[PDB]
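Chains A and B supply the protein sequences, listed in that same order. Residues in the first sequence are numbered consecutively from 1, following the deposited numbering. Residues in the second sequence are numbered consecutively from 1, following the deposited numbering. The beta-carbon is built from N, C-alpha and C at its ideal position, and this holds for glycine as well. Report on the following structure.
Protein chains: 2
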Amino acid sequence: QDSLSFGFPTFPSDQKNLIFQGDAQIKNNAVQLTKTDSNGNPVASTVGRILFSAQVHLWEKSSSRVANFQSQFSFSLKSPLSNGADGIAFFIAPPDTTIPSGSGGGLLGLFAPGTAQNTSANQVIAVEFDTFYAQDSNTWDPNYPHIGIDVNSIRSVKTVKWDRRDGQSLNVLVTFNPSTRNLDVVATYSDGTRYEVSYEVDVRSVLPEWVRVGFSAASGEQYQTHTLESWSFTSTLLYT
Amino acid sequence: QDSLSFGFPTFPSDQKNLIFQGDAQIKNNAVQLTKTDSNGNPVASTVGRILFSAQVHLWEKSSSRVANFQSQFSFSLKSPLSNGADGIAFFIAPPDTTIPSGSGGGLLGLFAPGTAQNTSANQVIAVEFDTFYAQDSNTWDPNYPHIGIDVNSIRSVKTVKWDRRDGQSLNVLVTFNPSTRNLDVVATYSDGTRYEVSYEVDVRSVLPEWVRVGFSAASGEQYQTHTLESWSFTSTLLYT
Ligand SMILES: CO[C@H]1O[C@H](CO)[C@@H](O)[C@H](O[C@H]2O[C@H](CO)[C@@H](O)[C@H](O)[C@@H]2O)[C@@H]1O
Ligand SMILES: OC[C@H]1O[C@H](O)[C@@H](O)[C@@H](O)[C@@H]1O
Ligand SMILES: [Ca+2]
Ligand SMILES: [Ca+2]
Ligand SMILES: [Mn+2]
Ligand SMILES: [Mn+2]
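Next comes the structure, spelled out in structure tokens:
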């Protein structure tokens with residue numbers, strides 16, 4: 001299809017169009033990307049991802065068209081600790097994507113350790129919300145929590161300082177304009193605190209014509225719950 | 001998802017979200033539901049269907065919500081014969097639906113001969129554009145080409161006279177309003193000729209909560225091409 005839209009105001013346990021990978025599962029009408037114990041507390045060493053089953057037509061070579069897209073979603077992070085890890089990310093990747101071996105912790109379940117920073121070895125665009133930046137393990141991160149745009153690498157091509165607020169929902173709007181090639185990210189807390197970061201990228205030279213969209217989250221030795229609360233997505237092929 | 005939408009202004013051969021069954025296949029940017037020779041001429045004894053891969057949430061029990069959906073589409077039929085058969089249908093069925101054994105010809109690839117008229121044996125709602133009505137074989141049909149609403153039976157719960165126009169595209173809009181439980185059908189030819197038929201049905205008592213939507217067509221001894229040219233669909237769960 002030239003256009004596709006779907007909306008999850010909430011996440012009932014009765015799902016048919018979601019691909020669950022790793023420890024991701026539905027709980028309390030929300031998607032718990034990372035594993036939690038009996039009483040609902042986050043645990044260490046866990047990775048989880050979900051992908052919408054239907055493939056998205058990002059660009060069409062024959063017609064020379066590129067899709068414009070918009071992903072709106074909200075999530076919250078909670079942890080008994082203070083410095084919870086590792087973060088949640090919205091990503092777009094080839095349809096057959098799976099969790100890479102050893103992609104836990106700071107790799108957010110998106111990259112393989114050996115190729116995490118090799119751009120020519122990956123096919124992924126992700127918008128990460130990174131809460132852990134210890135320079136001993138996450139050498140690629142600036143030293144402060146942040147939102148980043150990742151293009152084939154765990155080392156963001158662009159970042160903005162971000163504030164982690166335990167148990168507070170973050171509203172996010174991600175949009176890609178094929179006419180200007182800008183991928184814009186707008187994130188805001190209920191009180192109006194706003195964060196913005198954008199980057200110009202030609203998706204055609206990064207991803208195949210058909211892709212899949214979803215979320216990924218992980219917790220290494222440090223942990224926190226990565227709760228996806230709602231999600232709407234729409235894509236339309238356009239001639240620029 | 002509570003809401004789902006997709007649009008096929010045309011059907012390029014590169015498809016990822018369509019489930020092809022029987023002889024259905026993409027040709028010249030359109031879906032040829034029934035088999036055609038190398039010259040593009042229709043042949044006898046053929047059945048084909050397509051379904052959108054993503055499942056539609058028609059209604060939700062624990063929520064008392066029912067979907068409001070719309071399906072807009074256009075198709076054309078051609079045959080050198082004076083009595084092209086058998087017809088094309090838009091249908092809604094359980095996710096695992098497949099072509100019933102011996103469902104060709106007048107059964108349009110939707111019903112099995114043994115239970116074609118046993119409403120308690122089927123789970124399907126379809127809008128048929130029936131062009132073959134020989135009273136000796138299709139005993140269940142009125143004596144003329146027609147548009148019919150089928151609810152668990154090949155014997156339409158309602159029909160209205162329709163005119164078959166070789167090689168001319170018919171534009172159809174099928175909508176369901178959960179408040180009035182009205183399934184409305186509006187079809188038009190490019191010259192303004194219009195056909196309408198409506199029927200009150202509670203989909204909850206006929207179909208499961210999750211379903212797949214698509215088209216079916218067949219040709220027995222008489223044949224014709226059943227070409228699906230475009231299709232857009234949208235559905236949203238509403239309170240009732
Ligand atoms: C106390 O944990 C920190 O220090 C350890 C000793 O160097 C590291 O092994 C540890 O790294 C792991 O956990 C973090 C946080 O969950 C994660 O980002 C990293 O990829 C490892 O899984 C952490 O730095
Ligand atoms: O194709 C016209 C006609 O052909 C045969 O008689 C049978 O397959 C019927 O079901 C069908 O209606
Ligand atoms: Ca990090
Ligand atoms: Ca008939
Ligand atoms: Mn980072
Ligand atoms: Mn009929």
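Quick check: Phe73 of chain B and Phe6 of chain B, are their CB atoms within less than 8 Å of each other? On the second sequence, residue 73 of chain B is found 73 positions in, with the first residue counted as 1. On the second sequence, residue 6 of chain B is found 6 positions in, with the first residue counted as 1. Not a contact, by the Cβ cut-off of 8 Å.
Do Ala89 of chain A and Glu221 of chain A have their CB atoms nearer than 8 Å? Working through the first sequence from its first residue, we reach residue 89 of chain A at position 89. Working through the first sequence from its first residue, we reach residue 221 of chain A at position 221. With a cutoff of 8 Å on beta-carbon distance, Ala89 of chain A and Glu221 of chain A are scored as not near each other.
Range of the contiguous beta strand (DSSP E) that encloses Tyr239 of chain B: By one-based count along the second sequence, residue 239 of chain B stands at place 239. That run of the beta strand (DSSP E) goes 225–239.
With DSSP as the reference, please indicate the residues paired to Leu173 of chain B in a beta bridge. Taking the first residue of the second sequence as 1, we reach residue 173 of chain B at position 173. DSSP lists B:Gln72, B:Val186 as partners of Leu173 of chain B.
Report the residues of the stretch 3–22 of chain A with a CB closer than 7 Å to any CB of chain B, ordered along the chain. So the list reads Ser3, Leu4, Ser5, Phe6, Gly7, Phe8, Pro9, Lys16, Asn17, given in the order they occur along the chain.
According to the neighbour-count rule (16 or more other Cβ atoms, all chains shown, within 10 Å of its Cβ), is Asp136 of chain A buried or exposed? By 1-based counting over the first sequence, the position of residue 136 of chain A is 136. Exposed: under 16 other Cβ atoms inside 10 Å.
Is the number of C-beta pairs between the stretch 50–64 of chain B and the stretch 150–158 of chain B that are closer than 8 Å three or more? Segments in contact, no.
Would you identify the three-state DSSP class for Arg165 of chain B, choosing helix, strand or coil? In the second sequence, counting from the first residue as 1, residue 165 of chain B sits at position 165. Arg165 of chain B sits in coil when the DSSP states are folded into three classes, being neither helix nor strand.
My understanding is that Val160 of chain A touches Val197 of chain A, with C-beta atoms under 8 Å, so please give their C-beta distance in whole angstroms. Here residue 160 of chain A refers to the residue found at position 160 of the first sequence. Here residue 197 of chain A refers to the residue found at position 197 of the first sequence. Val160 of chain A to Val197 of chain A, Cβ: 4 Å. Contact.
Verify whether the separation of the beta carbon atoms of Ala30 of chain A and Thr227 of chain A is less than 8 Å. Working through the first sequence from its first residue, we reach residue 30 of chain A at position 30. Working through the first sequence from its first residue, we reach residue 227 of chain A at position 227. In this structure, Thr227 of chain A lies closer than 8 Å to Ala30 of chain A by Cβ.
Classify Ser153 of chain B as helix, strand or coil using the three-state DSSP reduction. Within the second sequence, residue 153 of chain B is the residue found at index 153, counting from 1. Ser153 of chain B carries a coil assignment under DSSP once its states are collapsed to helix, strand and coil.
Taking CB distances under 8 Å as the criterion, tell me whether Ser74 of chain B reaches chain A. Position 74 of the second sequence, counted from the first residue, corresponds to residue 74 of chain B. So, not an interface residue.
Just verifying my parser: in three-state terms, what is the DSSP assignment at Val43 of chain B? On the second sequence, position 43 is the one that residue 43 of chain B refers to. DSSP places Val43 of chain B in coil when its eight states are reduced to three.
8 Å Cβ cutoff, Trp210 of chain B in contact with chain A: Within the second sequence, residue 210 of chain B is the residue found at index 210, counting from 1. Closer than 8 Å: yes.
Quick one: any contact between the stretch 107–122 of chain A and the stretch 67–83 of chain A, if contact means 3 or more CB pairs under 8 Å? No, they do not touch.
Is the Cβ-Cβ distance between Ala93 of chain A and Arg212 of chain A less than 8 Å? For the purposes of this step, residue 93 of chain A is identified with residue 93 of the first sequence, where counting begins at 1. For the purposes of this step, residue 212 of chain A is identified with residue 212 of the first sequence, where counting begins at 1. Contact flag set, yes.
At a cut-off of 7 Å, would you count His146 of chain A as near ligand 5, judging by its Cβ distance to the nearest heavy atom? For the purposes of this step, residue 146 of chain A is taken as the residue at position 146 of the first sequence. Checking the Cβ of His146 of chain A against ligand 5 gives yes.
Exposed or buried, which one is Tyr144 of chain B when buried takes at least 16 other CB atoms within 10 Å? Here residue 144 of chain B is taken as the residue at index 144 of the second sequence, counted from 1. Exposed: under 16 other Cβ atoms inside 10 Å.
Give me the residue from A:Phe11, A:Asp2, A:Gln1 with the minimum Cα distance to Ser230 of chain A. Looking up residue 230 of chain A in the first sequence gives position 230. Answer by Cα proximity: A:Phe11.
Quick one: using the 10 Å Cβ neighbour count with 16 as the cut-off for buried, is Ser205 of chain B buried or exposed? Here the question's residue 205 of chain B lines up with position 205 in the second sequence. Counting other Cβ atoms within 10 Å of its Cβ, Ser205 of chain B stays below 16 and is therefore classed as exposed.
Here's the rule: buried if 16 or more other CB atoms are within 10 angstroms of the residue's CB, otherwise exposed. What is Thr240 of chain A? By 1-based counting over the first sequence, the position of residue 240 of chain A is 240. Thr240 of chain A comes out exposed.
Determine, using beta carbons only, whether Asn138 of chain B and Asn68 of chain B come nearer to each other than 8 Å. Along the second sequence, read from residue 1 onward, the residue named residue 138 of chain B stands at position 138. Along the second sequence, read from residue 1 onward, the residue named residue 68 of chain B stands at position 68. No. Outside cutoff.
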